[PDB]
Amino acid sequence: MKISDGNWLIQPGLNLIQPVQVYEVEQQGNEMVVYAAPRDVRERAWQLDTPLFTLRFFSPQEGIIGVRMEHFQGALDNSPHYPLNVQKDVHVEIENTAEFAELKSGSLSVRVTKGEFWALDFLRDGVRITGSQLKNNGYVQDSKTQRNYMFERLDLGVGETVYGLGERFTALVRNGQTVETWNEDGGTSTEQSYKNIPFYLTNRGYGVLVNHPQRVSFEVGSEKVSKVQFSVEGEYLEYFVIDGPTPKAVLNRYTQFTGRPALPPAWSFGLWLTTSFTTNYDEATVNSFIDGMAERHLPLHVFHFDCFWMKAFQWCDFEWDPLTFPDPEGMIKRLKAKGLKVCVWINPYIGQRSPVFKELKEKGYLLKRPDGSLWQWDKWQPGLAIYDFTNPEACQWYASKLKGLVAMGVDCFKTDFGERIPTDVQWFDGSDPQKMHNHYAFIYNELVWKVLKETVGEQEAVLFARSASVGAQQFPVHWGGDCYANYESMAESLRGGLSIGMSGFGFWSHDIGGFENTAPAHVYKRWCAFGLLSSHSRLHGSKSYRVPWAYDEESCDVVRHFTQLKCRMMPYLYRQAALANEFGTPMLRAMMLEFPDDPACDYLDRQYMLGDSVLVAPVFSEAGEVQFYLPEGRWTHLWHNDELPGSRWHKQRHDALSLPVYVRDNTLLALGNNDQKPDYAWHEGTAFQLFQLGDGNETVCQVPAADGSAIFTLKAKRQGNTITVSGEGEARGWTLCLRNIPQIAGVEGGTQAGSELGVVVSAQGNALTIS
Amino acid sequence: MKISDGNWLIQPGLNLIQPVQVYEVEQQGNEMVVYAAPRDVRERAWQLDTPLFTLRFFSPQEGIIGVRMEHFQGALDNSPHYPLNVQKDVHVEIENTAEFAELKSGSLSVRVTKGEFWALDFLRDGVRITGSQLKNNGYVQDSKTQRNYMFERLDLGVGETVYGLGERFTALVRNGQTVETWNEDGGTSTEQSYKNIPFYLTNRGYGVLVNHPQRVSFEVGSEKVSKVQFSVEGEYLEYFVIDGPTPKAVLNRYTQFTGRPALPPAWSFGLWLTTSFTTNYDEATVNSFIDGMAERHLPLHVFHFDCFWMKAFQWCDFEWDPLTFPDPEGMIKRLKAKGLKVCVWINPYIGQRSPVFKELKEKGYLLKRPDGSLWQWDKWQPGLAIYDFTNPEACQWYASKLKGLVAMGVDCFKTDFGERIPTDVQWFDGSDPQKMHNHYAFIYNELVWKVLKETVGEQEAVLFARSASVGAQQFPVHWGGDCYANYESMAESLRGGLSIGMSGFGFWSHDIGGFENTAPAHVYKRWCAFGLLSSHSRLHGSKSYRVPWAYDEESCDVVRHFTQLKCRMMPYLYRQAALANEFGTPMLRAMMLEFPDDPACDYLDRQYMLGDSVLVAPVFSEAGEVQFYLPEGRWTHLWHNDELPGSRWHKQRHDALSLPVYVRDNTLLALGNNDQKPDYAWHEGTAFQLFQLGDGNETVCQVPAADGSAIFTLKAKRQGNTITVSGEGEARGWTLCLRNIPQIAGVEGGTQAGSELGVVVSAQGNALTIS
Amino acid sequence: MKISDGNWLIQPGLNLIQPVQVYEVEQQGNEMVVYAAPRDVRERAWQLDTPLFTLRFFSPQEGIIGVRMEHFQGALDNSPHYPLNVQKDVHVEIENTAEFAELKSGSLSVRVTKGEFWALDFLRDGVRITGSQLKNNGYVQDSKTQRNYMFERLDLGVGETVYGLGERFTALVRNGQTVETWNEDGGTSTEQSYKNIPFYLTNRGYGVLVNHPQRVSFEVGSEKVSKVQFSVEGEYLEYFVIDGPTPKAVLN
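Chains as they are written, first to last, in PDB author numbering: chain D, 9 to 779; chain A, 9 to 779; chain F, 9 to 260.
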């Protein structure tokens, strides 16, 4: 795969053909075409017996520029293709003068210089941000394998940092990594990633996407350190560049282009418990677990059944084991009557040991080897087979089975696996195996989501997936995978979650307490604290039950405290989720995203930002010592009320019941009066919290509704020593707690009282003034 | 080379044999031997038909532990070997109890746990810092190539950062990089490095070295992200671990183990000018350049002749071209009478087009192909041949030629190239080609240094090398190589210099203004400012003369100002160089090395620390805007006298004549009264500078002598509002300038006066008190 | 074609997967199905990521027991097939207790022992005459040719003599002969035979037939002298055992 053997020579047996000069430029409607040659062609003698690269520049969307470089147009382009939304009503400008060619869309433009010097530049309002230099857009012919490759290099300035490229557990900064996009089930410790999506982002406000479902070779910080290289097999290379003043705008544009993330239901934002994988469980075990959880005053909202709810060596057969669950319907009804939810595990792989295998083979719904046979291997299940989702009949059968299961009483499904797809197979539709290897997960997720929305509805639709591809954000619920019970594993999982958040996914989850091995105790408490502060919290294990009382009472106490805190913080999290659905900004934001202009947060990965106001720095030390950096502004702890100056580092030691969680200044948070359920009336009896309202500043807060649309808005304006608060919308009774304010010297229409956290004013109207 | 295909399976055709249990432990004098097996062997039935790994633990030096893992002892171990200093009078302790085996040396110890659980740990006073877990010390047999490999993995905690691994121009942090140690001439942009040395350091205070001159495969942050992997071909793996509270102690121990860096002469610390590479130059051109430099009041100390001082297609023949330099002796004498120095370019490669080639072939002093022939290829010179330094007669001939050249009037030599050594050759001594590929540069440098010390002397010995290996620090003068005229190239060169400094080399240099292409202007000024603040400053070009007046007068003015500043700062730089020679601490320290306890400096590479007190942040922007981070303490500019609070970031815009250079608080710097030569009496008429002497603190300063030993020491103690300064040694007249002090309210024995930078007190004695 | 390079090691590049334990037993009408695994699967941890051999025992005719061992059912089975007369009105008995599984037809029976010890026995009125021991019913994957083979070994007592295997001009007793079934016109002096039919008989009154028109590799008295080995390329192995007090009844 190596192209350059240093800086002066290249590897043997690699013919390189690169553009050196611009020959012709044409305007086809709203697109620009450039025909270039590798040598001087100004003279008539050399206008023959040479290749000719064709570069097409277009603008599928405002602020996005697509470039397609081609050598031979006689090759075949088979299905599938990435689901990209393209608009044909975009205003674009083209300037073709004797000196250069410019294609301008929105605030972005692409410039190509004619003459002896070949150069490509991308300009954001007339200033270069990146581009391609001379002899950096070559085409490679390999005689050893008789193969062809197309590679492209993009320049990098000083201080550039690359982020994204899917779920990677390596260092957050991708500089120096030879990442490759190929879905593989190799755990979390290894560089292999369950979900791969070719797209990267830079701190300067520009992002790059590659439209190639097949394998793509990436080199960031590798050979040609000052440039980022991406290469692909074939004859044509297509890639898109998205501009934006800040990374948030780039993410918004990307989410608009590839699909907006959906809004998970409110009840999904809660604690989830599973029956582990290898443990022996039955109806009595589930009942005892639920009774014990209820007795210890530990709220529970979601319950999950793992793979062994079916028969051994039978997965997936969609039939309950008679010896373990004689009456699934009665158990599901009893659980639902108790206020819980039921949701199960499925996978797109079937086992040979199953009565329905013969019928499925007869109906021809399974994947077929090229000549006449089926594809099987010694893996997760004996005689493994893969459903052929390209055949509509198989999809209909799967949908009917899922509909029956949903009618039984199920709510969501856990789409595990879906990445170890072979390539030496013949699909029913005749699609290219290389691209199907990555598109299979998207197809499966789309089918499951369609079934779920047809049965229950869009609002209650939710899933739990481990594999993903481009466009999967439309069904956003993801799980890191298999992790170990160590601090390093927690750090790697946090890094992967941040990376996937920065890659366009707005929701992420991880296994609390680890999957493999048994956690001693302290690491379990820290993992519980970290996970319960995220979008979703899951309790899943491999060999041991992940129940707090199995270790000690302190774990139960901390779990109860953190769950109560999360329930009390539901409205803010739901508002952040609605913002993520609208503008595409992930809820689990990284430090850089909130403050891209601060160089100190470029290389921060041990702490994260929740919402647009909360900062969390989970501990990773036995003694509890932890160091975290605060940007400019005064920060106040969520429940400790201490103040710390910003724009500097800080070191602190905390016990198992506390960890560094802070809120920026000039903030108006919202909380509810219910700490047991996440689906309560957020606009009834709400408590707003005022943090460090500086003079001359204004703050706003919008409590969302069930559908996510704001139902009531409150605005606070401070002038001198008087603060006026005005609210409009729908509400009945609320309180405002000014923090770090022992007392006030006057109120207008509000009943004031003191509290350990400040001054609480209950409002009998929709307008108050406090001096 | 890949071993694990994820986390559950491995690549086909790779047999893995790993230790799982400890069978026996023995004590041989001061060494420990552990015999281990891959399976349970407690029972007599399984005590046969299985392999057995042998692990030898020893302590070649205090604070260093060497581990040797072996499978077969019947293999051949041929020359050469790394020049490691081993002491046989080291006190060590061994504890062999029924539970574990402990080998303790100094403050470090190695612990191995017996029983069913195999584990290896390294303890610094009883607390683990790293080690090897189960099934991470395997041995790999590859049937495809019928090869054998030995790999070892070392654990990494949270926040670990890896540095070193030689001259690398990639990101400073090695996390996520699959570095490989193999000398190659592939420029600076590519990941290939001219000089490679297997050794890495961690921020926690422990470093690792691999004793294998042959190719070593390194994986940091790659597969098995939470571990660092190193693998080597063969049957035995040897590696050393060095402890230390801080990285500086680790560097000191490493320099003591492998060789202390030498002390370059004082005159070497000056401006160097060359006649470029491809430019046409002769005696008249050199005379005109020198006259122009003298006219513009630009001091010059060293002059260099590039490759073309010989005849074309003749290198290396060691004969002056008659058509260009008819009388080299007269020119050298004239240059020496003018106060300059003469020093030339050499390489270990000879060209076929040369009268002496036939004689050399007849004498058999050249490298030979295995059967009967010579080794040649189409490269730098036609019919290239490599001197066989393993033959003493060839070394004697080379030494005689170098002695003649030195007698002609030369001072140093520029040992270029020495990395593109083949492997399919038969050496005279019969050494292994794989190890000679890396040891050839060391052998050549050692021969040249021996000749130089025999002719001139140790004090005046100096060189200019591009290739290096383990133990080359004993002749420390290095040059980055070929760079481009861009800000990115400057950043990459700075990163490489910092990396090589952290790898055990105490001196480094780079080409100012770039090697390839012509710099516009501003970048040239910034590069001049950056280089003139380093240990050595060189003006070398490829196609254009690197003379300031060739661009504009502003470049000349800034060059003059910076050269005067460097000359005025000579004593402090020489003291830092003496410290580097003694304790091994490089002069061009990175931010982390000075403040390892500050997490904010972990990922800093655009700014560096000169000495133990100076901080420089060269600019990389056209507009002059630059952002830099200051650790705790008050910092004052070298010549602007402004104060800035520490422990935070700062942004500033500077013109071409200024850049961010600052000095920490509680500092007593020293400067000289001569700004034209670097070889003046530093202890005569010296000016000490006092920066922010806090109450209750004490500061010391030692001005060095020609040999580097301190000649005079000054100590200042502040109590309340009275500062007492006491000096002892050899000096005649000096001044002390307290900065940011407009006036004083009393002096004792010193004549006080005011100045724009503070208060200057001339001392007529060796003890003063100021209230 | 060689599988075992002696008695302790095997030839390089030959992956062997053999049944070691009985996992499940099922009764499908007049047939018995046994699902077995190469490792202990009593615990839930090892009930995955492992193969599973399927053994089907049936009785096409009174006094005859047919055994079909399979690994992958996705392979193609094209025409032709041997013209075997099969009766669907045969009285058979099945006994599935917690200790062993027995399929009895006429005077013959097949017994499989459950638990940690895997063993297959053929009983003529309750007395063993032959069977398969542990680690003798393996499946071979050859990476060199990327091929797959299924081999089966049957025990031999003292004094056993093998006869038949078609028109062979070698010694009447087949002990010590590596016969192969492949029609070839190589005269009469050479071991090659014009007519080949995979079937052998023993003096003790039991005979064995292999239902595989394709090439079948036979080893009688060769490596594993105390056993008779037959191997075939593919993924499924089917063979029938016929009882009888005397060889004449077996021939009938």
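A virtual CB, placed ideally from N, CA and C, is assigned to each residue, including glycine.
Extent of the continuous alpha helix (DSSP H) run through residue i
{"i": "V456/D", "result": "441 to 463"}
{"i": "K411/A", "result": "400 to 416"}
{"i": "residue 1/A", "result": "The requested residue 1/A does not occur in the structure, where chain A is confined to residues 9 to 779."}
{"i": "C536/D", "result": "530 to 540"}
{"i": "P336/A", "result": "336 to 345"}
{"i": "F365/D", "result": "363 to 371"}
{"i": "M9/F", "result": "Taken as a continuous stretch (DSSP letters only), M9/F belongs to no alpha helix (DSSP H), as it is neither H nor E."}
Local conformation of residue i per DSSP, three classes
{"i": "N295/D", "result": "helix"}
{"i": "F277/D", "result": "coil"}
{"i": "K574/D", "result": "helix"}
{"i": "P712/D", "result": "strand"}
{"i": "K659/A", "result": "strand"}
{"i": "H569/D", "result": "helix"}
{"i": "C315/D", "result": "helix"}
{"i": "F472/D", "result": "strand"}
{"i": "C564/A", "result": "helix"}
{"i": "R304/D", "result": "coil"}
Chain-order list of residues whose beta-carbon lies under 6 angstroms from that of residue i (same chain, five-residue window excluded)
{"i": "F523/D", "result": "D490, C491, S550"}
{"i": "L460/A", "result": "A469"}
{"i": "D133/D", "result": "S115"}
{"i": "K422/A", "result": "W353, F472"}
{"i": "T196/F", "result": "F177"}
{"i": "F720/D", "result": "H691, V711, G737, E738, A739"}
Own chain partners of residue i with C-beta closer than 7 angstroms, once the 5 adjacent residues on each side are dropped
{"i": "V622/D", "result": "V669, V671"}
{"i": "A678/A", "result": "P579, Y580, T694, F696, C709, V711"}
The beta strand (DSSP E) enclosing residue i, as first and last residue numbers
{"i": "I137/D", "result": "136 to 140"}
{"i": "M617/D", "result": "616 to 618"}
{"i": "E692/A", "result": "692 to 699"}
Cβ neighbours of residue i in the same chain (closer than 8 angstroms, five flanking residues each side left out)
{"i": "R223/F", "result": "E188, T189, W190, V240, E241"}
> Which parts of the segment 188 to 260 of chain F are runs of the beta strand (DSSP E), unbroken and 3 residues or longer, counting only runs that do not cross its ends?
Replying inline: Counting only runs of at least 3 residues, the segment 188 to 260 of chain F fully encloses the following beta strand (DSSP E) elements, listed from N- to C-terminal order: 207 to 210, 215 to 218, 224 to 228, 235 to 241, 244 to 250.
> Which residues, taken in chain order from the segment 550 to 567 of chain D, show a beta carbon closer than 8 angstroms to some beta carbon of chain F?
Replying inline: Here the close residues are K551.
> Which residues, in chain order, does the segment 751 to 771 of chain D contribute to contact with chain F at a C-beta distance below 8 angstroms?
Replying inline: none
>> Along the segment 217 to 235 of chain A, where does the CB come closer than 8 angstroms to a CB of chain D? Name the residues.
In response: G229, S230, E231, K232, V233, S234
>> Along the segment 270 to 296 of chain D, where does the CB come closer than 8 angstroms to a CB of chain A? Name the residues.
In response: Hits within the stretch: zero.
> What residues from the segment 385 to 415 of chain D come within 8 angstroms of chain F, judged by C-beta to C-beta, listed N to C?
Replying inline: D386, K387, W388, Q389, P390, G391, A393
> Which residues, in order along the segment 182 to 198 of chain D, keep a beta-carbon less than 8 angstroms from a beta-carbon of chain A?
Replying inline: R182, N183, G184, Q185, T186, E192, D193, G194, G195, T196, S197, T198
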